[PDB]
Amino acid sequence: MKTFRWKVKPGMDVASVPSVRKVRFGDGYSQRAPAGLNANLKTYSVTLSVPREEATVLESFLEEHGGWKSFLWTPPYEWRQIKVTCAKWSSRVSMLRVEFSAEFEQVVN
Amino acid sequence: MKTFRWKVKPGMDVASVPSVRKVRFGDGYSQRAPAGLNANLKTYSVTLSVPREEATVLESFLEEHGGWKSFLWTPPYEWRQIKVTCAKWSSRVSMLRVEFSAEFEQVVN
Amino acid sequence: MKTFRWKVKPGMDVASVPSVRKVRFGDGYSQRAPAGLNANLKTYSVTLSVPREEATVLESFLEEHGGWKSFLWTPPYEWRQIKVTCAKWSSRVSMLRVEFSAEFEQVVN
Amino acid sequence: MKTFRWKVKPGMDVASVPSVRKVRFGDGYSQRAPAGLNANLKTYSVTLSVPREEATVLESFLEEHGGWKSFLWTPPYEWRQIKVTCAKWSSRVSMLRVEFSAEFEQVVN
Amino acid sequence: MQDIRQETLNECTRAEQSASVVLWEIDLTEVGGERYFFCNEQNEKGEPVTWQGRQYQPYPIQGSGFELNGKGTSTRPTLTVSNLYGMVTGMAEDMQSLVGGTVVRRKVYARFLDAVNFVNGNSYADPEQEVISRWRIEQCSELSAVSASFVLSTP
Amino acid sequence: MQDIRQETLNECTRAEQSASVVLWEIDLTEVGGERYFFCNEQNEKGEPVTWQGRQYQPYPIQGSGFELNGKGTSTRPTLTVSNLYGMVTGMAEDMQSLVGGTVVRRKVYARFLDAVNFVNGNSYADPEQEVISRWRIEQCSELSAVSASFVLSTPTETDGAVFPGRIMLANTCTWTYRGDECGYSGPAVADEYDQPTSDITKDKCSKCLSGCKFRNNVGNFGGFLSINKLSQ
Amino acid sequence: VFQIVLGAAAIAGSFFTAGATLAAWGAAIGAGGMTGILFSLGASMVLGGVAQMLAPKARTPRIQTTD
Amino acid sequence: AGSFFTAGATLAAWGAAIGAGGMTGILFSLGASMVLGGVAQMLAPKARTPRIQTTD
Amino acid sequence: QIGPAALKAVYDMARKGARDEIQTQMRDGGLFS
Amino acid sequence: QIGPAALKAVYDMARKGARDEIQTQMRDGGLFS
Amino acid sequence: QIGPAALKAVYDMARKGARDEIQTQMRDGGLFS
Amino acid sequence: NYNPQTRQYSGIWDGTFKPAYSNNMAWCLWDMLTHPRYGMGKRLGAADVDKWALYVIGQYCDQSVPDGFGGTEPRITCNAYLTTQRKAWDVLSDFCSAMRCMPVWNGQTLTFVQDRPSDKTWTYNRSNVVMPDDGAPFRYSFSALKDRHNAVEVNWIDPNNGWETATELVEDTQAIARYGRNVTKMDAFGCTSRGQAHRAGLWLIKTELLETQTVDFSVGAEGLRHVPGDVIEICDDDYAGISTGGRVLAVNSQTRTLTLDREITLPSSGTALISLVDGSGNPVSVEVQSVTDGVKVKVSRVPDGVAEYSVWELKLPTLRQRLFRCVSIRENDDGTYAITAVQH
Amino acid sequence: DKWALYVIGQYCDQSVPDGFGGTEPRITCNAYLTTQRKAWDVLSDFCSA
Ligand code: SF4
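Reading the values: the criteria
- Residues numbered from 1 in each chain as written, not as in the entry; some residues may be left out.
- Chains lettered and ligands numbered in written order.
- Part of a larger assembly, values for the part shown.
- Heavy atoms only, no water.
- Buried < 20%, exposed > 50% of the residue type's maximum accessible area, 1.4 Å probe, protein only.
- Helix = DSSP H or I, 4+ residues; strand = E, 2+ residues; numbered from the N terminus.
- Pairing = 2+ DSSP bridges.
- Contact = heavy atoms within 4.5 Å.
- Polar contact = N/O pair within 3.5 Å; in protein donor to acceptor, adjacent residues only side chain to side chain.
- Near = heavy atom within 4 Å.
- Nonpolar A, V, L, I, M, F, W, Y, C, P; charged D, E, K, R; others polar.
- Core = buried A, V, L, I, M, F, W, Y, C linked by side-chain atoms within 4.5 Å.
- Axes fitted to C-alpha atoms, helices over the stretch in contact; angles between N-to-C directions.

Here we look at the pairing of strand β1 (residues 20–27) of chain F
All names here are of chain F.
- A large share of β1 lies buried, amounting to 6 of its 8 residues.
- Bridge count between β1 and strand β7 (residues 102–109): 8 bridges; the pairing is antiparallel. Bridge pairing links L23 to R106 in β7.
- The pairing of β1 with strand β2 (residues 35–39) spans 5 bridges and is antiparallel. Directly across from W24, in β2, lies its bridge partner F38.

Below is the structure:
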């Protein structure tokens, strides 16, 4: 299955952290390069809240890909569909709902 | 594009920690030297709060530079234009606004 | 410039931690010596609050010495003028005032 | 001077952690021996509250000893005079009073 | 000094430079195989990196230990590659573990890459800007279900 | 046991003792330099520590690796010193990296220091209470804009030596010119290229038979002028 | 931020490992972009002599008591 | 040979527990170390020969 | 980290490094260990 | 753990491990270091 | 300290210590490595 | 184009070897390396060995030097008779120690670096090299006291008395009065003339006495221009008490003047030179006329296209060059190169 | 240290049973060193005799 349909409530964290090659010379001078060839990928600290019955469906979706594999997702940040992978998806059960916390990492693949 | 033209929130940190040459064995005589020529280049922990529409523009500006490619900036601290570089610029996307947490380290080249 | 004129408001940390030579023998006996020859130097965890227009002067004063070099200061602890060096001086900006947190280390030099 | 004649605040910690010889491989049979003869010398986390004027006298007393040179003290805990040594004695200098935080580790010699 | 073109020397001294791409070639023709071209990265269009008209396919590859020292022991670099999907394994069972082949390493500034690599093209594209070094495979030091490490040596 | 005075042994056994001050002396007089005296600390009056009437200038200096072991390799201590303000650098370019000099280390209890060091004086001041050790500089291991590290060695250090050392050669003298074995005391005759000279500052022996003949010293020639044909 | 590049005063006693204080590097344990523990080859290359770094010091046969 | 695959497994769960008394780390597989002299050295002890003498 | 196990791991890593360096010095230039 | 103090300990443990490995290789099979 | 990065540093320090110990043993008493 | 009997070269070589008997030791080494039957020709092979480096080496070895008996003599010569089977590294090292060269894999060919008086290739100041946390851009080390040999016994083979091992003793009695007396033995590989053995021993002694210090000064991305054996200059502003290098902040071609960091002091007598970098990496050097304050430097001529934040160096008449030859260059998987060098 | 060698020579001069019926000095020279060895080798040989 390809697309992620659930929605993220609280306000996520979108961390970029570009990789650069940096050399620090002597009296205050330096030398910087973009290191890589294709931008930075960015990662989203996503949290879902779902009813106790749909949590099984969400778990099945996140377990089918199983750490590897990528799914399509349109983040509510730039509204540009991207390919992402999830590898942790911790989940806390409650009386009537389940709260998922996960880290979606964008991948070129 | 070469001038960060956004406004920063009231509470921002400015760390200096200059670079000096220290010689001290145990707790005896100590000798200190100014080390390089551009001793302290500071660091500003800048925070911004912007509507969800301009978050895309701010992130595009920060991502195009991508760690390298210093840009001009006038901090509200000394009001003197300097050249700075950003490397992390995390973001958090609330219901109506988004907050940016970036670090600006000023450079010479 | 030689003398520090600004004043410290809240109550600072005055840490002594003298250096001693200690040997621990067997059944509870030991052997202690003062290690050095001239006392312990003692350090002050100083914090200033200044109007936003005077923070530039304070930073100029703290940057002229730049980690090395010493300035005279009379601590509001013993009221004896001492020679101190500052090496970090973190600063936090606000709407109308700037708060400096610094560590002054007493030096014989 | 050889006796600490100041008064300590209510909250004071007394740690013992005696010194023993333990032999136990994995989680099998274990053997314990009393190790030395002067098993535990304890440790008192002493806190004092003194007016700003007598802080000078307190620090002169704690500084002349300078880590070595144990001094006599009667803790309010067992009311038995012992010989103790101090090594840190940090201080906070408030508007009207000063708080001393010191560690008294008792000795034998 | 190495005989390298003036454009590379001009780029080396700039404060803000482009990314230094490293392109690898494995030549087993002398030992009865083919030539495989690799690059650790794709390009901005999600395609294998085109250098001098030749496509270098994306594959996790990383070399280390490269140095020029005359005194003492001859330098032995190392090259780590991805053995996921059992590709290198297939090479090990067909070429006597790649022993005796050649490894060619090119350092090229990304500014001099062919214009096809970038959406907006490359005005400073120059196929003659590269630094080439040849080594030989001495031993496939490790081959596992994940990665594969090869020892290199001077010819 | 070491021959140290009874006062030092009395101080060593005390539970609460004075600080042990280590004083250093660099002696480059045998290699054409001067003598420098250093201590890691000043005294309570902000002055260089005075020991036995001699001032030891304050300078960051620290030694390590000092031990007495007969088995195995000869002990090689290390001495790290501050190179701020380019001071040791100035010695490295003037004394051939200080190599061949002497390093003298004294351990003295601070209670025995000279009375001038303390404001209230020293009633137990005793200039005869010290422990002395001598070493030689073998190599300036590192010298940078911050510090300088020297390798020290025992003066004996039979590392590069051989025994017996005198070598049997023909057409070459192994003696030292105007030395004891050479036994020459005449006027200037020639230089190392056999060219005649009346200049005493340019008078050297070629160490060949002709050089010896120039001085009529063939009797004291250090070579053996027949072995070149018996070795065939 | 920095490159440590250990020399000789650092390895011979930890007197100048704390001279640079190794603070930000140790807090960042290094990086994937850059490597620490460079271990400058100054004194190691010169142990045999300066003339050994320019020529390979040709060898000689073992001395035999037969001759 | 380079910390390229020490982070391949990321060592996170083991490093956070430094190890255990039940189990040991740093196993250091002896694959390439035992094969340095050759495969024939892992099966036979490579009989020695006397030093060549110039007298002969 | 706890000191005991860390020290043991450092000791085994040091042994492995020493063995690798010894086997490296037995090559052509080296030191012949 | 502060790096400056730990590096000396790691170096000295490496020295001890190297000496132990050298003495081990001087045994029968070994490598004679 | 993350283990993956620290293990390479420990290995390199061990290599340096092994080289230093080997060069030390080639001195007079030593073991001649 | 080489005549072995007269040991002369006509003009440019172009390659294209020729089968003539010669005593040139560079080409004896070439035969040892690239012979398919008995040498290393099956392995290795041609196009892996730098023939031009060996050409220059043989030219150097063919130069005439004083014989010591009154005449002249070729500098370095063969006449070895290799009978025992030794490892190829042993024979290569004897060949490369008889003529003072070190073989290193350049990256495309195996080159040989010969100890010769060479001109500086590049200059590095403290603003062009990597700064570690400690303020030591350049680290200097020195050779030990017992590693400065002043007496050598060279074993050559005499063809006059009889083809037997003659020992020639070389000494430097001045250094024996400073660094004790460090004596060694050495085997001159191809020597059959007393002059060549004495020259080899004297070269060893002179190198140990003159060349003393080494430097580690790991640099930025420019290091890919360096091969081992390159001679460079180090303008260490801390080794000297003055500042003689930095970066250019602004260039004013009209009314020619330059802005630099730090402050420059003119010498009392003589014309100081400033080395800037052209608009195409050519490092021309020009003459300074006067300096205002300590920054505004007026030069005789502003080179074309001198960009801002470009490296400038200062050459004074009373300052030594301090040349260093590279012996090792290491890539740091970072973009920086770790360079080791020794006095020149 | 000349005094240490003095005591050592005194110890080496002591008379001990010869094994044939008479007496004999404890430790003695009569070496003839012809080859050139490192000074450490000769010193260790002397200090092991
Ligand atoms: S050759 Fe004669 S004059 Fe010259 S040093 Fe020898 S003994 Fe003296």
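Observations concerning the environment of F:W175
Residue and element names in this part refer to chain F.
- When you line up the elements, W175 lands in the loop between β10 (162–163) and α3 (209–214).
- The spacing of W175 and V99 is 76 residues in sequence and 25 Å in space, taken between C-alpha atoms.
- Those residues in contact with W175 that sit more than four places away from it in its chain are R166, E181, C182, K207, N220, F221 and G222.
- At 3.4 Å, the side chain of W175 and the backbone oxygen of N220 are in polar contact.

A short note on the site of the ligand
- All residues in the neighbourhood of the ligand are listed as F:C173, F:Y177, F:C182, F:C205, F:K207, F:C212, F:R215, F:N217, F:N220 and F:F221.
- Grouping the amino acids of the shell around the ligand by side-chain chemistry returns 6 nonpolar, 2 polar and 2 charged.

Thoughts on the nonpolar core
- If you look at the biggest cluster of nonpolar residues, it comprises 95 residues, and the most contacted ones within it are A:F104, B:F104, C:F104 and D:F104.
- If near-sequence neighbours (up to four positions away) are discounted, A:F104 is found in contact with A:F4, A:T43, A:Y44, A:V46, A:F71, A:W73, A:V84, A:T85 and A:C86.
- Formed by 51 residues, the second largest nonpolar core is a distinct cluster that contains E:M95, L:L92, L:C96 and L:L110.

Looking at the sheet that holds strand β5 (residues 61–64) of chain E
Residue and element names in this part refer to chain E.
- A sheet is described by the order of its strands in space; here 9 strands give the open sequence β3-β4-β2-β1-β8-β9-β10-β7-β5, paired in mixed fashion. One side of each edge strand has no neighbouring strand; the edge strands of this open sheet are β3 (49–51) and β5. Here the average twist between neighbouring strands, direction ignored, is 35°.
- Two elements, strand β1 (residues 20–27) and strand β8 (residues 102–109), share 8 bridges in a ladder whose sense is antiparallel. Among the inter-strand pairings, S20 is bridged to a residue of β8, identified as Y109.

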